[PDB]
Amino acid sequence: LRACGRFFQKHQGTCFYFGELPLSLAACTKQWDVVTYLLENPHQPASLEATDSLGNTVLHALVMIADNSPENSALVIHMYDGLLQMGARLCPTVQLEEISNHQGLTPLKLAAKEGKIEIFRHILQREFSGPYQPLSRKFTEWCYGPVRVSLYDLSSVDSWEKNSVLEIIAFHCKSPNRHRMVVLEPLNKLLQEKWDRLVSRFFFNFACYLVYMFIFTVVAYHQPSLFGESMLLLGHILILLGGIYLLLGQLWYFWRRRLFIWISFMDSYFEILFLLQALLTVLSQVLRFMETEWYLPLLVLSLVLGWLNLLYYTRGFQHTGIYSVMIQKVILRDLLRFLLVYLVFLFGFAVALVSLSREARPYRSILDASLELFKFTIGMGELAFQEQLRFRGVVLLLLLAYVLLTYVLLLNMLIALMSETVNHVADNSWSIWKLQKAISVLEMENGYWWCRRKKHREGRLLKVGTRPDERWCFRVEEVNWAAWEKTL
Amino acid sequence: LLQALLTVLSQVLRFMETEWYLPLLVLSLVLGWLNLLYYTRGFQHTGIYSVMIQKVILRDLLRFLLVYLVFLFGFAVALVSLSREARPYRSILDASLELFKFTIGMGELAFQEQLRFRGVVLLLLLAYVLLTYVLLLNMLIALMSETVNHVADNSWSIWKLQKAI
Amino acid sequence: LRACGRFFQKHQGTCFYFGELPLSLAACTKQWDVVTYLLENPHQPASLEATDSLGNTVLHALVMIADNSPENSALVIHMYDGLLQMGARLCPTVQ
Ligand SMILES: CCCCCCCCCC(=O)OC[C@H](COP(=O)([O-])OCCN)OC(=O)CCCCCCCCC
Ligand SMILES: CCCN(CCC)S(=O)(=O)c1ccc(C(=O)O)cc1
Numbered sequence: 192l193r194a195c196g197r198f199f200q201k202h203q204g205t206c207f208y209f210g211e212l213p214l215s216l217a218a219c220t221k222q223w224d225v226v227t228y229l230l231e232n233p234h235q236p237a238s239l240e241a242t243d244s245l246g247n248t249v250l251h252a253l254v255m256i257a258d259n260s261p262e263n264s265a266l267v268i269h270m271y272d273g274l275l276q277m278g279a280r281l282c283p284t285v286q287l288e289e290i291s292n293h294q295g296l297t298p299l300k301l302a303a304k305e306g307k308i309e310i311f312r313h314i315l316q317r318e319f320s321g322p323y324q325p326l327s328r329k330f331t332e333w334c335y336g337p338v339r340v341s342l343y344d345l346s347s348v349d350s351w352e353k354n355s356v357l358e359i360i361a362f363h364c365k366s367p368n369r370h371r372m373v374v375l376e377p378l379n380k381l382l383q384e385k386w387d388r389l390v391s392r393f394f395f396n397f398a399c400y401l402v403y404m405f406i407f408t409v410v411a412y413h414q415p416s417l429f430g431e432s433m434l435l436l437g438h439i440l441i442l443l444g445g446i447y448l449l450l451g452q453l454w455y456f457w458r459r460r461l462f463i464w465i466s467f468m469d470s471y472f473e474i475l476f477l478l479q480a481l482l483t484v485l486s487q488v489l490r491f492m493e494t495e496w497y498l499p500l501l502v503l504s505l506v507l508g509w510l511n512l513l514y515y516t517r518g519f520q521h522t523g524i525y526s527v528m529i530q531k532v533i534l535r536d537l538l539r540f541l542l543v544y545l546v547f548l549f550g551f552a553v554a555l556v557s558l559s560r561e562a563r589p590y591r592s593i594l595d596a597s598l599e600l601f602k603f604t605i606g607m608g609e610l611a612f613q614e615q616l617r618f619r620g621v622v623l624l625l626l627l628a629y630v631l632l633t634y635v636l637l638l639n640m641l642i643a644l645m646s647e648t649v650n651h652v653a654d655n656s657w658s659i660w661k662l663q664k665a666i667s668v669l670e671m672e673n674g675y676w677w678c679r680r681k682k683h684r685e686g687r688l689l690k691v692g693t694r699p700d701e702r703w704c705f706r707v708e709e710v711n712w713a714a715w716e717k718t719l
Numbered sequence: 477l478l479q480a481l482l483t484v485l486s487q488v489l490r491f492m493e494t495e496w497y498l499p500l501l502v503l504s505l506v507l508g509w510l511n512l513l514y515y516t517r518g519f520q521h522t523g524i525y526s527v528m529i530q531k532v533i534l535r536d537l538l539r540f541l542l543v544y545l546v547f548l549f550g551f552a553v554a555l556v557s558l559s560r561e562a563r589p590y591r592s593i594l595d596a597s598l599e600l601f602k603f604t605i606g607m608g609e610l611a612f613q614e615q616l617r618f619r620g621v622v623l624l625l626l627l628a629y630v631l632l633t634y635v636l637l638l639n640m641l642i643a644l645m646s647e648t649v650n651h652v653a654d655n656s657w658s659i660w661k662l663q664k665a666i
Numbered sequence: 192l193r194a195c196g197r198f199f200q201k202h203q204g205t206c207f208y209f210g211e212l213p214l215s216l217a218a219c220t221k222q223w224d225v226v227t228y229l230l231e232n233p234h235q236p237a238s239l240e241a242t243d244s245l246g247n248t249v250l251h252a253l254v255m256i257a258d259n260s261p262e263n264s265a266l267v268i269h270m271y272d273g274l275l276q277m278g279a280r281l282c283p284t285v286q
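Residue numbers (the authors' numbering), protein chains in the order written: chain D, 192 to 417, 429 to 563, 589 to 694, 699 to 719; chain C, 477 to 563, 589 to 666; chain B, 192 to 286.
Right under this line is the structure:
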């Protein structure tokens with residue numbers, strides 16, 4: 192029986208999702224004796240293959256109910272393992288972790304999409320001995336001193352498969368946890384192996400974009416008044443073709459990412475800025491063929507965006523690529539809040555200084596007063612007792628009021644930013660850079676919109692046991712003195 | 477070694493009578509006085525402060541400089557291209598210098614009356630100012646987050662190593 | 192016998208340096224009973240003067256394997272001292 196009404200569905204209100212079935216309730220409430228009874232009573236045994244209204248099996252239900260705390264996750268890991276070990280008795284021919292819900296997700300793929308690092312790490316690295324060895328995803332090949340060599344099973348994991356765990360973490364997962372998931376084994380060595388095969392394609396793509404931005408600059412400089431002339435025309439055609447090429451390449455990106463489009467740009471803001479630079483490059487050449495002089499401010503905007511977009515490629519090296527992650531932060535969220543306070547001050551004082559500076563015994592218009600009042604924040608204030616104005620003492624008191632209120636506001640704003648951002652949290656920039664390299668790899672593996680690359684398959688087909700049990704395994708070698716010495 | 481090479485080179489260029497001896501003599505005069513800060517290690521108070529002050533800032537400013545120079549050059553080629561049409590910014594050097602003056606507080610931010618695209622030139626300056634001051638705010642907060650950690654001050658011992666060397 | 196192939200050398204990849212000798216392995220794996228047996232069995236006593244391919248003795252091997260953590264360093268200090276104290280029995284003229 193499925194408890195399927197809105198109280199039992201997963202949503203932001205008052206609810207309790209446990210799956211929908213008696214067996215999934217008994218698992219999520221941590222009742223082995225009830226789970227054992229429901230599974231192996233003679234009257235009506237609970238099928239481990241049974242699914243709720245979302246298609247979730249009890250293993251998807253346990254992944255939905257995992258929280259990344261040590262008390263929940265350790266007990267969900269035990270509940271998951273004993274149900275999987277009971278599946279090997281009760282359903283011996285059935286691969287319970289190959290059962291897909293209505294989103295096409297297995298329990299491992301669902302743990303990646305929902306960002307559940309603790310149960311994800313456990314499933315991904317799972318190892319057993321004796322009867323349950325085929326339920327492993329990790330097989331130790333040999334161990335010697337501080338060194339372990341392990342084969343990891345890549346079945347749902349390698350990006351050779353469509354809708355794989357790597358594609359999910361990069362493009363379908365919403366969570367803060369994505370950068371912690373790409374730095375787990377085997378994913379860390381597997382993404383390094385892919386990156387090493389593609390780093391020459393990454394820097395070729397950068398060198399083409401440097402040559403395009405050199406030509407863009409040499410043609411935006413050397414514009415005529417509004429052999430050198432035919433080379434200028436060639437430069438405009440190369441910019442049109444580079445602008446159409448980038449416009450088609452980014453429309454293909456957003457077409458492929460359509461179902462999860464916000465997830466595919468929330469951190470990856472350059473995928474919008476390359477589309478915008480390409481649109482403005484095509485629009486500026488179109489306005490130039492129309493001969494309208496508004497082509498030049500579009501060409502110059504797409505030249506600025508063109509060089510700002512060159513900062514995308516700083517992720518290719520650890521030192522620049524981690525710093526591009528250290529620098530950009532929570533400041534973008536709070537400056538957009540401070541800007542509302544700063545613009546009510548700036549406009550409120552601008553309409554006032556304009557109204558009062560109108561009478562004779589700067590400040591000529593709302594734009595000019597907004598600009599003179601804005602110059603106080605760049606240190607160019609021009610603060611003076613204006614001799615010709617009738618109300619010159621009140622105009623000076625309005626400037627002294629604006630200065631004091633604005634510098635109190637900037638002092639409040641800097642101290643508010645320090646209070647949230649200088650917290651001592653250990654720096655998570657290396658792992659956010661590893662996720663930027665993962666997103667870059669998983670895009671490069673498709674080739675280009677015009678030349679769609681045939682994907683190479685990672686690891687080797689190896690016999691790990693008797694199901699024989701032959702799997703695409705990937706060999707990781709770990710050296711760990713600090714963990715090993717504690718076992719001596 | 478550099479101050480000594482430039483001192484020998486500047487006297488060699490002076491014996492050659494080439495007027496480029498003077499900018500080498502003046503560079504080796506600057507380095508000459510900067511090198512006088514070596515001897516601050518002879519006393520505990522100046523010698524520990526020479527160790528408090530120099531730090532991880534030299535590593536991260538060389539990373540920020542790549543971001544700042546892509547902004548500065550990207551906006552300089554743009555303001556030069558757009559300020560070319562009549563109804589500052591005469592060359593890549595002059596626009597790089599006018600845009601650099603915004604970081605020393607000497608910005609000269611204005612609605613230029615004679616330029617055809619003067620509103621777009623002002624919007625390009627307001628875009629550069631806002632992006633650069635967001636970048637400097639990100640850079641200062643990034644530096645505080647690594648360098649204000651509460652680690653107990655290891656300057657007395659780094660000064661003892663300077664005295665050992 | 193010297194375990195001297197690249198897995199046993201010290202480098203930035205996958206490796207396990209212990210010196211290269213049975214006695215240096217027994218010391219770095221913290222096995223006094225094996226260290227005592229290798230040093231003072233009657234069949235073939237391990238020379239405390241014996242060296243790997245870098246010329247490292249067991250005392251250089253223990254210095255290579257020290258980490259500045261309190262658990263590693265305290266146990267390396269005990270392993271180093273007992274080998275040095277055994278050198279005063281087994282190699283009494285040798286510094
Ligand atoms: C259609 C058939 C003809 C194909 C011609 C060759 C295409 C090469 C494509 C390539 O190198 O693109 C690099 C860059 C986009 O970078 P990105 O997709 O990695 O990252 C995008 C951001 N996510 O895009 C560019 O630099 C623009 C390409 C045009 C300029 C080529 C200059 C060549 C100089 C040697
Ligand atoms: C490829 C050689 C591997 N070796 C260690 C490297 C020197 S090994 O000593 O042969 C060995 C060690 C341990 C195990 C095991 O734990 O199953 C098996 C083999």
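Backbone N, C-alpha and C fix where the C-beta goes; we use that ideal spot for every residue, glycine too.
Other residues of its chain near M640 (chain D): CB distance less than 7 Å, five sequence neighbours each side excluded: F540
task: Could you spell out the range, first to last residue, of the beta strand (DSSP E) harbouring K329 (chain D)?
output: It spans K329 to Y335 - the beta strand (DSSP E) in which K329 (chain D) sits, taken as one unbroken run.
- request: Can you give me, in chain order, the residues of the stretch 331–364 of chain D that have a beta carbon less than 9 Å from any beta carbon in chain B?
  value: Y335, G336, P337, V338 and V340
- prompt: Which residues, in chain order, does the stretch 252–276 of chain B contribute to contact with chain D at a C-beta distance below 9 Å?
  reply: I256, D258, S260, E262, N263 and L266
- request: Can you give me the start and stop residues for the alpha helix (DSSP H) that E309 (chain D) sits inside?
  value: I308 to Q316
Proximal residues to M270 (chain B) (C-beta, below 7 Å), its chain only, five neighbours per side dropped: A218, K221 and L253.
- request: Identify the continuous alpha helix (DSSP H) that holds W657 (chain D) and give its terminal residues.
  value: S656 to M671
- prompt: Closer than 6 Å: is that where the CB of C704 (chain D) sits relative to any heavy atom of ligand 2?
  reply: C704 (chain D): no, Cβ never under 6 Å from ligand 2.
- prompt: Identify the residues that DSSP records as bridge partners of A562 (chain C): which are they?
  reply: C:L616
- prompt: Name the residues in the stretch 202–235 of chain B whose C-beta lies less than 9 Å from a C-beta of chain D; which are they?
  reply: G204, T205, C206, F207, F209, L216, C219, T220, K221 and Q222
- prompt: What residues of chain B sit near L719 (chain D), judged by a beta carbon separation below 9 Å?
  reply: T220, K221, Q222 and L266
message: Under 8 Å: do the stretch 546–561 of chain D and the stretch 656–668 of chain D share three or more Cβ pairs, one atom per stretch?
response: no
message: Check whether chain D comes within 7 Å of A596 (chain C), counting only Cβ atoms and requiring the distance to be less than that.
response: Cβ-Cβ to chain D under 7 Å: no for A596 (chain C).
message: With a threshold of 6 Å (Cβ to nearest heavy atom), would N673 (chain D) be considered close to ligand 1?
response: Distances from the CB of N673 (chain D) to the heavy atoms of ligand 1 are all 6 Å or more.
query: Are the beta-carbon atoms belonging to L555 (chain C) and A596 (chain C) less than 7 Å from one another?
result: yes
message: Once the 5 residues before and after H521 (chain C) are set aside, which same chain residues still bring their CB inside 8 Å of it?
response: none
field: Under 8 Å from the C-beta of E708 (chain D): neighbouring residues of chain B
entry: Going along chain B in sequence order, the residues near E708 (chain D) (Cβ under 8 Å) are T205.
message: Spatial neighbours of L212 (chain B) within its chain, please: C-beta separation below 7 Å, excluding the five flanking residues on both sides.
response: Same-chain partners within the cutoff: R193, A241 and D243.
query: In chain order, what residues place their C-beta within less than 5 Å of a heavy atom belonging to ligand 1?
result: D:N396, D:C399, D:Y400, D:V402, D:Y403, D:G444, D:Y447, D:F476 and D:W677
message: Quick check on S646 (chain C) - is its C-beta less than 7 Å from some C-beta in chain D?
response: yes
Contacts of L542 (chain D) in chain C (Cβ-Cβ under 7 Å): Simply none; closest approach about 15 Å.
message: Could you tell me the alpha carbon to alpha carbon distance between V338 (chain D) and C206 (chain B), rounded to whole angstroms?
response: Rounded to the nearest angstrom, the gap between the Cα atoms of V338 (chain D) and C206 (chain B) is 8 Å.
- prompt: Should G608 (chain C) be flagged as near chain D, meaning a C-beta pair shorter than 7 Å?
  reply: yes
query: Since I529 (chain D) contacts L644 (chain D) with CB under 8 Å, what's their CB separation in whole angstroms?
result: So it is not a contact: roughly 14 Å between Cβ atoms.
- prompt: Do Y335 (chain D) and ligand 2 come close, with the Cβ less than 6 Å from some heavy atom?
  reply: yes
Expected contact under 8 Å - CB spacing of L229 (chain D) and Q276 (chain D) to nearest Å: At roughly 16 Å, the Cβ-Cβ gap does not stay under 8 Å, so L229 (chain D) and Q276 (chain D) are not in contact.
Cutoff 7 Å: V506 (chain D) Cβ touching any chain C Cβ: yes
- request: Can you check the stretch 238–286 of chain B for any alpha helix (DSSP H) of at least 4 residues that lies completely inside it and give the ranges in chain order?
  value: 249–256 and 261–281
message: Spatial neighbours of residue 728 (chain D) within its chain, please: C-beta separation below 6 Å, excluding the five flanking residues on both sides.
response: Since the first and last residues shown for chain D are 192 and 719, residue 728 (chain D) lies out of range.
field: Candidates D:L542, D:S470 and D:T604: closest to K365 (chain D) by CA position
entry: D:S470
- prompt: Roughly how many whole angstroms lie between the Cα atoms of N232 (chain D) and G278 (chain D)?
  reply: Taking the straight line joining both Cα atoms gives about 15 Å.
task: Could you work out which residues of chain B lie near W457 (chain D), taking near to mean beta carbons separated by less than 8 Å?
output: None at all; the shortest Cβ gap to chain B is about 42 Å.
- request: Would you verify that the beta carbon of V546 (chain C) is, or is not, closer than 7 Å to some beta carbon of chain D?
  value: Yes, contact with chain D.
query: Under a CB-based cut-off of 7 Å, is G620 (chain C) close to chain D?
result: no
message: Using a 10 Å radius around the Cβ and a threshold of 16 neighbouring Cβ atoms, would you call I524 (chain C) buried or exposed?
response: buried
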